[PDB]
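Given as structure tokens, the chain that follows is alone and in the form deposited in one PDB entry.
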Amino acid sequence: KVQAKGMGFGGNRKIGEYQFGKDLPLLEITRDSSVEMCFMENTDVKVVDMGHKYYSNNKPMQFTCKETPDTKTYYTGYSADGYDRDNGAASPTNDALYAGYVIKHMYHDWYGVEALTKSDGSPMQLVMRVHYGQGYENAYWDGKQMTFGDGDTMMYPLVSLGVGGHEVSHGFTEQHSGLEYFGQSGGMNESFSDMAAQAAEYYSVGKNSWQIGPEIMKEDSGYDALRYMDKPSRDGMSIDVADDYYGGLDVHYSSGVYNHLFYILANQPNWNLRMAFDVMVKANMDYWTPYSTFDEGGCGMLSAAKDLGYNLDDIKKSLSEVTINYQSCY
């Protein structure tokens, strides 16, 4: 009913905990005074507390919010203390509301586009389903929303800026190139989402890890990260070059090709992450097709780089390093 601000915590025991309202911005929430209730929703982002179930009516997480001794600001959580603790994270629900804000703003500030749009053309609200399932060690895009488990023994809750950027960006891809979720195109689809994870981190804080999931891997698990973009094969399953691709290799392992490509391109002399992501975003919007092969995708990057005025010999060197062929790209 009215806009309001939320104060509370985020993070986890591995990367550290922080405060919305001190370290990061206050959260944008809503309040209905007729019932003294606040809702983890704003125009752009809604957080659903799945309550460890697999299905929900998708109503926003709602909590009592009342004035206390000293828009209005309220502490988040069902106990009005800023917390929503689960599996070593301070508040996955606060982190998701903030994650959606950052990803929306990255696409707007860097590209002037909506992260998600409806079929009718209008902006589409980012729906973040948190606390999904029991011990669910994954997160995914389902065609209309983003779903995050709370993890288990190997992972903390899967709500971080990078994971949020990854999942939202599956929707961005679906609504642009439409890269299909199998074969080579599916590896490119997964890769673009890993690229967007890096972009979200760089946009927010000016540094990115070149890894996927280090902030959510439990230290006792023995894995520093889920994926490594500098050398995908460090995870024991992903591939570093297109010559190692085979039919049936899962999209989360064939993503190594474009992940490695993105790392290589962003680290060329005179390049950086932003320029590399500008090429990928433009290719996703204007050139890549739903059944793209890795080679056809490299031709789409060359056309995007030409549009942007970037150096095509730097693109070609990067494609060559991941064994993508471009001899037919004319």
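Under this definition, the rigid core comprises the largest set of C-alpha atoms superposing within 1.5 Å between the forms. Quick note: we count residues from 1 along the sequence shown, nothing fancier.
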Is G298 a gap in at least one third of the other compared entries? no
For the other entries of this protein included in the comparison (both sides of the residue modelled), is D70 absent in a third of them or more? yes
On average, which has the higher Cα B-factor in the deposited entry, 214 to 222 or 176 to 184? 214 to 222
The stretch whose C-alpha atoms carry the larger average B-factor in the entry, 232 to 240 or 161 to 169, is 232 to 240
Out of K207, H131, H252, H260, residue topping the C-alpha B-factor column of the entry: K207
Residue, from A80, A89, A197, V102, that the PDB entry assigns the highest Cα B-factor: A80
Is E201 in the lowest, middle or highest third of its chain when residues are ranked by C-alpha B-factor? lowest
Sorting the chain's modelled residues by C-alpha B-factor, tell me whether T68 ends up in the lowest, middle or highest third. highest
Sorting by Cα B-factor within the chain, modelled residues only, which third would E36 end up in: lowest, middle or highest? highest
Looking at the C-alpha B-factor of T289, is it in the lowest, middle or highest third of its chain? middle
Temperature factor at the Cα of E190, chain-ranked in thirds, falls in the lowest
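A second form of this protein, the form deposited in another entry, is not displayed here; the remarks below concern that form.
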Please check if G248 moves between the shown form and the other one, taking a CA shift of 2 Å or more relative to the superposed core as movement. yes
Core superposition between the shown form and the other one, C-alpha change of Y18 at least 2 Å: no
